[PDB]
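Here Cβ is always computed from backbone atoms with ideal geometry, including for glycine, and neighbour counts include all displayed protein chains. Numbers and lists here come from the model and the stated rules, or from a named source; no laboratory instrument gave them.
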Ligand SMILES: Nc1nc2c(ncn2[C@@H]2O[C@H](COP(=O)(O)OP(=O)(O)OP(=O)(O)O)[C@@H](O)[C@H]2O)c(=O)[nH]1
Ligand SMILES: Nc1nc2c(ncn2[C@@H]2O[C@H](COP(=O)(O)OP(=O)(O)OP(=O)(O)O)[C@@H](O)[C@H]2O)c(=O)[nH]1
Ligand SMILES: [Mg+2]
Ligand SMILES: [Mg+2]
């Protein structure tokens, strides 16, 4: 039922990997009204505070939700290192 | 009644600050005959053993005596870094 | 012009009593303060802190003897002024009640801010921070061994705050913690005159440099922290005190502590069979070089009959001298610029007799020395356990204090719930006031977090800290 | 590839039913709260009549849960059976990407879930044991760290001779491992091609696995005692 350690470690590793490009990530988490699934919102912006993009993920399982967040962060890093 | 930790830390910091200029400090402490106050004598000399100057401070309180020693050491460092 | 009506302030900070009051209702204000202080959790905790030996005296029993000596110095001063018909001229005609009560409550709560294990518990907190903040590297222009990015010198308007915060955090003093505990944590809401009686020294904790020669004694130790700067200014405005000045009644409390410094420890040594009464008498005779004070008590007894008269004999010779010294230097004490203490004569030389015997035969015992080394190790270990709390970021700590159920910091969140609720409430109130959209928020937040960490450690009994240290290391 | 056995779904649903109900009963036996307090908490958190109210009026401690369990089973088991039967081809193929348990049935479990995390899992005594356990396992891995720093030849000599005069500390730590784990290690490394450029990597992997097997095969009480004894505390 509880989040697995490896998923949290991978999420932190992705966060640090994208932080190595002088970036930052904000994290928000809550529970939705009627969809009966937890929601996590991520925002990516640079140090000066210029927001680049945001995303929101909804799921009733912690493991799947964290994996989706981690792979979205990895895709963001990949796209941001394709150029710039 | 006992010496405060911060005063001893400041005294050691001043000693190291003056030691960073390849110098040395000798320390002597005793109790006087009839003045009813402790006495501390400091001597400043370089590594070769050539005495530069000495001073002696008398006081019946440890905190004030150590503060006077520390500020005299700081003045010595200031004067010795004004030139040479 | 000496006028004690401008010094005895019966107003409060919150819900202050306004309007004109008679002599009877003024006295009622100073009795509720006594009820608040005596029935406070801070005073109850004093019976679980050791003086020297872990029938032995604790800090609660020690502060009860200091309270009795203070009463007696105030009564002698009040009675001597009536003989000179100066009570009405000095404004003390209708204030003889609170005059003794303030001294009695200042003597009672003169050790409420001491950390566990005492002196060596105070040093351990200072060294551990000194290695993380390196205050000596911020004295001059940017050089930097600081372990915090936000407090590293890089920005002239912001470097002064950085060096002030770095210097203050490495100066923990029990007297400075007493003011913070009485106002911010316990929220006792005492009168202005009562708070001024526990302000022993006037040097700010962030002070770096040489102190003025006119106040080299009153500023020998830190007196208050930076988080209380606004509170101390209001207190000075309320009590009509200049910068770096002292309250007149603080001198009486200082003299009472100096009288009861080693005499109790000598009696406690006999009860632990370190030596016998005859051996102690021989040691005192050898160290002295007495007849009116010690010899009178020796021939009037044998253990509970030697000190009972020695205390009386030394009080009857020391109290009048203190009263006369207080009365003679009255204008300087009232102004708050007296750079000396009440106690170089046969009176001051007598205290050194008890001082020298105690340091050579009691303070050097192997059992006393061992506890001092064990206490230093316990406090250092506790600060290392909570070190992950200081390594987090502003956003992570804000999420921890706001959500209280964090899935990203399992270890850090569990350590956070061990802190007392009053300290957390104080932290929330402190950070709930700073301008969020300012370039000074991280520095103040880190300072308040460090203060919150320091409050939790210093508010423990010696016995509780040892148990927590052993349990958190998977030993017990 | 990446498929599941059909019967695994039934075992997964059984664990989800018995997730928090036992802990709530165990909390009462430790005087965290009383039966009436727990009933009030459940009533407040719910927003029950057929399941909880029926048991409450049928009792008082060993008579409230005994009927609550029956009441929730009689409502949850048929739903699980129907869910298993309806999605039968996908479960048999092993590609069903969902669990048996978004209705009044799944919302009921969250009632027990939310009460347990707020009033039981947050107790100071439960939280303290979690921090002490993390410290014990970390310390045990540091004690056996010299075993991982040896070379292939030294470890081979240690496992073959068993009486080494060059490694007094390392040999004594080696004899503390259980015999079954050592036999498993010997059997595992007794099969790889010796004259291959992959022998050291596999040997290190099997050594790490041998170290991990010894730690995870302990009771909580035995690990604490061993940690305290190996640190010269007890
Ligand atoms: N173990 C030990 N206890 C001491 C020693 N000197 C004094 N004490 C005890 O501590 C009491 C006074 O504390 P001190 O550290 O000397 O100073 P203080 O009065 O707290 O200091 P201020 O707040 O600056 O006035 C004495 O009454 C003794 O009970 C010492 O050398 N060793
Ligand atoms: N101390 C504590 N125990 C919990 C907590 N949540 C669940 N438990 C206990 O652990 C049991 C289930 O373990 P979980 O860690 O939640 O997960 P799991 O069922 O082992 O996980 P899987 O093997 O992935 O299905 C519950 O029945 C409780 O007894 C919690 O937050 N704290
Ligand atoms: Mg005292
Ligand atoms: Mg299970």
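Values as computed for the structure displayed
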read-out	value
Within the range C:83-112, tally of residues that are at positive phi and in contact with a helix residue (DSSP H, G or I) (Cβ under 8 Å, 6 or more places away or on another chain)	1
Filter pass, residue A:34 being part of a strand (DSSP E or B), under 27 Å from residue D:107 (Cβ atoms) and within 14 Å of chain D (Cβ to nearest Cβ)	no
Search result, residues across the range C:372-397 that are under 27 Å from the mean Cα position of the chain (by Cα) and outside any helix (DSSP H, G or I)	C:386
Residue list for the range B:1-31, filter: over 26 Å from residue C:355 (Cα atoms) and within 14 Å of another protein chain (Cβ to nearest Cβ)	B:10, B:12, B:13, B:14, B:15, B:16, B:17, B:18, B:19, B:20
Residue match in the range C:357-371 (condition: more than 25 Å from residue C:267 (Cα to Cα) and not in a helix (DSSP H, G or I))	no
Test for residue D:3: is it more than 16 Å from ligand 1 (Cβ to nearest atom) and more than 26 Å from the chain's Cα centre (by Cα)	no
Any hit, the range D:43-50, residues being more than 25 Å from residue A:1 (Cα to Cα), surrounded by 13 or more Cβ atoms within 10 Å (Cβ to Cβ) and touching a helix residue (DSSP H, G or I) at 6+ places or on another chain (Cβ under 8 Å)	no
Test: residue in the range D:54-70 that is away from ligand 2 (no atom under 16 Å from the Cβ) and closer than 18 Å to residue D:14 by Cβ	yes
Filter pass, residue C:141 being more than 16 Å from ligand 1 (Cβ to nearest atom), within 14 Å of chain B (Cβ to nearest Cβ), over 16 Å from the mean Cα position of the chain (by Cα) and farther than 22 Å from residue B:69 by Cβ	yes
Condition check for residue C:59: more than 14 Å from chain B (Cβ to nearest Cβ) and more than 16 Å from ligand 1 (Cβ to nearest atom)	no
Filter result (away from ligand 3 (no atom under 16 Å from the Cβ) and either surrounded by fewer than 20 Cβ atoms within 10 Å (Cβ to Cβ) or farther than 18 Å from residue C:247 by Cβ (or both)) within the range C:102-116	C:116
Helices (runs of 4 or more DSSP H) (entirely within the range C:182-263) containing at least 2 residues that are farther than 30 Å from residue C:277 by Cβ and either touching a strand residue (DSSP E or B) at 6+ places or on another chain (Cβ under 6 Å) or not assigned by CATH to the domain that holds residue C:325 (or both)	C:192-196, C:229-239
Single unsatisfied condition, residue C:175 versus (1) touching a helix residue (DSSP H, G or I) at 6+ places or on another chain (Cβ under 9 Å); (2) within 14 Å of chain B (Cβ to nearest Cβ)	(1)
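So that you can scan it fast, the table gives a plain yes or no per residue for (1) within 16 Å of ligand 2 (Cβ to nearest atom); (2) away from chain B (no Cβ under 14 Å); (3) surrounded by fewer than 18 Cβ atoms within 10 Å (Cβ to Cβ):
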| site | (1), (2), (3) |
| --- | --- |
| C:261 | no, no, yes |
| C:290 | no, yes, yes |
| C:310 | no, yes, no |
| C:316 | no, yes, yes |
| C:322 | no, yes, no |
| C:331 | no, yes, yes |
| C:353 | no, no, yes |
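Per-residue answers, yes or no, for (1) within 16 Å of ligand 2 (Cβ to nearest atom); (2) in contact with a strand residue (DSSP E or B) (Cβ under 6 Å, 6 or more places away or on another chain); (3) under 23 Å from residue C:217 (Cα atoms):
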| residue | (1), (2), (3) |
| --- | --- |
| B:7 | no, no, yes |
| B:12 | no, no, yes |
| B:22 | no, no, no |
| B:30 | no, yes, yes |
| B:39 | no, yes, yes |
| B:55 | no, yes, yes |
| B:75 | no, no, yes |
